[PDB]
Structure formats: structure tokens, C-alpha cells
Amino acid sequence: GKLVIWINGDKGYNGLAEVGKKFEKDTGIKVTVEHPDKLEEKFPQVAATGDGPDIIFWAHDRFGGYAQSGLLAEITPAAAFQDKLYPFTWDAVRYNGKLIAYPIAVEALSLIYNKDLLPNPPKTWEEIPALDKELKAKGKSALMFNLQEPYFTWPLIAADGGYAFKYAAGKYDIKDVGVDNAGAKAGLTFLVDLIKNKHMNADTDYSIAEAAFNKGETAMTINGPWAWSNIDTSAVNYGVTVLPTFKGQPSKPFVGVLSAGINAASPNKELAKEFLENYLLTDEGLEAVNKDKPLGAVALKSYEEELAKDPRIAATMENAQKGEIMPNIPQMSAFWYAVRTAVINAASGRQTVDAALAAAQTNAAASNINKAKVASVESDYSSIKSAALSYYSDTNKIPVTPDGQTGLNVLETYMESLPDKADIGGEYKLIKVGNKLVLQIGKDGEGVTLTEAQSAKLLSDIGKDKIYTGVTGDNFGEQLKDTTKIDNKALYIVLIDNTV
């Protein structure tokens, strides 16, 4: 018997491992705590039937996907243990009538601010620019937070009626997506403008935002309870308060319930159930984790009764109140992928706010991310093909990317938006292969990635004798099949069969 545990790297994995040590001491079973980057993505991908944990910790939104893919063991705690946790926390880990994980703690973002630099934190996003201009004169800045992750930007962007999927009594409608709207356009636009007006950098991420606030260089940050530990160790006298409003609308953070599920592939399901019920989810167990990095509002009633007295904890639940506990359906991964792409695309200037959000609304509504990427590539393909034929028609010349270069700058004056790279991976390029104009996607080592399912859909939607997986001079290699998978390789789609 053994237990490998996964938890994210911003959580108290050191404390959790202490708890691990106790369980080992009493049972002789080794507990290993790991914190691999992007664990919530690696888990269905390892899967987790290989180099995967017996127990996985994440916010509950990821778990419906897991359950649906059959990766999770059904948990069956007795009524007496269920009694120990707040009813609403079990609802976060209910999926299709079954319990599929143990709830641990309630996570909501708050505004964290420096009382010395900013004794009165702004109520509204709208005052951040002026606040920044003034702090800049002091060698400081107003706000830094992790821009790269939509978790952090969603509260602003969804403030005015935003949502992932509609909960019509009594179910989520997976084609009814609430990313795009007037509040989101205005919200996302505000972040882009902060960037353009040098009140924020497009590249600011978790580590950068955190180091800057804890070193007293930025007056405000946006984070969860797990971040308080490191600020305690710093010289900063910080307050934790309500997220700013925007256009009168309160921020609507998506609220996470940190949860521990059990790997369906684990031979150690029962030791895992013992570890979680009788070591972690006790006053001692959660205390050891919380001591390391604060959990937020824990699901355990007895310990939460004490934590609820913390004003930082009250601020958290105030933010959680104004927001919404995430859905846990499989389609959330597509939702987050959608918003992630949209914000980064907008913040860097790769799309307009409107185009970025129109795309997210589309991406979000797709079955899965892989399907979404293929649909996207079809759209690029369709636009480039049209443009290449329009070009060929107006100039009497076959459009081709210049030797030793990439990009479709050629049809630059023939398209609305110029596609740069495929969402399946790989920079776009126009080449000839004999008497054919061909769209090449990527290079060997910097190309596309495809599952069989993606391949099948592409072949069906684009047609036969179009898609090839290699080229030798002026002839084609193997054509794509519905069974082929591709790992980081170039791809080729004919645009014109006949350039006679």
C-alpha cells in the first residue's frame, strides 16, 4: 500500500505532507505529496492510470470532467461523516447523483491592499488609473495581479450578468454560454486600456504580481487565502477586502471548493478514504495544512467555526457571496480554455476585445477543447482558401510565402484578420507542391498536435485528398487518416489542387 497525492503548488503541500507523516506512523503506509505544474490538466492525461496520484486535490470545477471520463472512484462517506461538513460543500462535489470527491475548503478571490501605501482602498476599478499615476510618482504602482489566468480576470469580466453555463431548473444548458456581453466587452476593454496606459504589464503573472506586493512595490493585488502566509512573513501591513465594482456592478468571482478525489485506477482506494476522512478532514489535519498556507473557509464545521472569526475569512465569504460557485460539468475545461485564450489574445493585441470574446463564446460552447481547436482551424482554412482564390483571381499570380519566411502576409490585403498560427499548433505558411498551392501548418518540432478524434473530424469536414502529414519535394507523403495521431509535427492542407 502507498498513497501518492497531487495538490497545486500555491497550497500548503508541506503541511499536508505532515499529515501524511502521521498517517504513515499509524499505518506504515508511505504518503507522497507532489505538486506538478498544470496538474489539473495532466491528470486526465496520465490518465491518471499511469504516473498518476491515488488522490488528486483541486477546486471542484475540474471534477465532473474527471468523473465523466471515468477517472474517479465514487466516494461513499457514511451519514455521520457527511454531517461534519457544510451541506453546500458536498453539493460542489455531487455529479450525476453521485459523490465524486471530498470537499476541503471554500476559495474566493479578494482585494488585498497595502494599508501604508493605501489606507483607503478604492471601491471601484475606475479609480485605479488615477491611483496609479499618483503612486507612480512615488516609484510605486497601484495594482498587480495574475493576468495570465482567467480565474483572476473573470470577476471583473463577468461582473454584469456573466456566467459559464446557464442553470435552467434544474440543469446546466451546455450551449447557453455567458462569456460575451456588454459588461465583458467593457471589462476586458478596461484591462487592455490599463495595459495600453502603462498601469499594467501584459506579462504580469502570479509570481511577479506576488513578489511585487509582498516587497511593498504595488499597493494592491488580487488573490486567495493561500497567499496570506507569504505576506505575513513580509513587512507589509495588509488588509483583505471586497473586490472593486465596475460600472456600478460588483465583481463576480467564480468560487472554488478545494476538493480531493480518488483515482479510479488506484489499488489504494480504501487507504485513501481512511486518510481523507480520519486524518486530513479533522481539526488537526486541516490545522496543519492551514498553518502552512491558509485554506479559506474550510468545509469542516468544527474548525470553520473558529476560522470564521478571522476578518480576512469574512472578506472572503463576502466576495464569495457576490460571486458564484463554479459548475463542475465536463465542459468547464472548455469554458476556462475559452476565457484564457480571449484575455491573453486581447491583452497582447492579437485580437480585438470584440473578436476575442466572440471567439471565447464559440470555444466555450464546443464539446471539448480539442474539438474547438479543429473547428478553429477549419475557420482559418476557409478564410485563407477564399483569400488565396481572390488573390489568384485579382493578380493572375499564385500567392506564395516568400522563400525563407513564414506567414501569409501575401493575402494581407485580402483578409479581415490575418491568421498567424493554428489552434492545433503551428505557424501558417503558403507553399507549392508541384501543381498545388498548399497551406502548411507548423514545422517538424514546432507544428500541430492531433488526437485520432481530431483527425477524423478534420478529414470529414475538409474532405478526402486534402490533408497530408508530410511532403518530399513536389509530391505528397501520407495522407491523414481518421486513426492517426500527431505529436508536434507539420501538417499540410491543399488550398488549390490545380494552379495550371
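Residue positions are given as counts along the sequence shown, with the first one as 1.
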Looking at the deposited entry, does 92-100 or 269-277 carry the larger mean Cα B-factor? 269-277
Looking at the entry, does 255-263 or 133-141 show the higher mean C-alpha B-factor? 133-141
So among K429, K171, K293, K247, who wins on Cα B-factor in the entry? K171
Select one of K309, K301, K185, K373: the residue whose C-alpha shows the highest B-factor in the crystal structure entry. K309
For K25, the third of its chain by CA B-factor is the lowest
Here the Cα B-factor of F81, set against its chain, lands in the third termed middle
Ranked C-alpha temperature factor of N345 among modelled chain residues, by third: middle
Can you work out whether the C-alpha temperature factor of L16 puts it in the lowest, middle or highest third of the chain? lowest
By the recorded C-alpha temperature factor, relative to the other modelled residues in its chain, which third is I398 in? highest
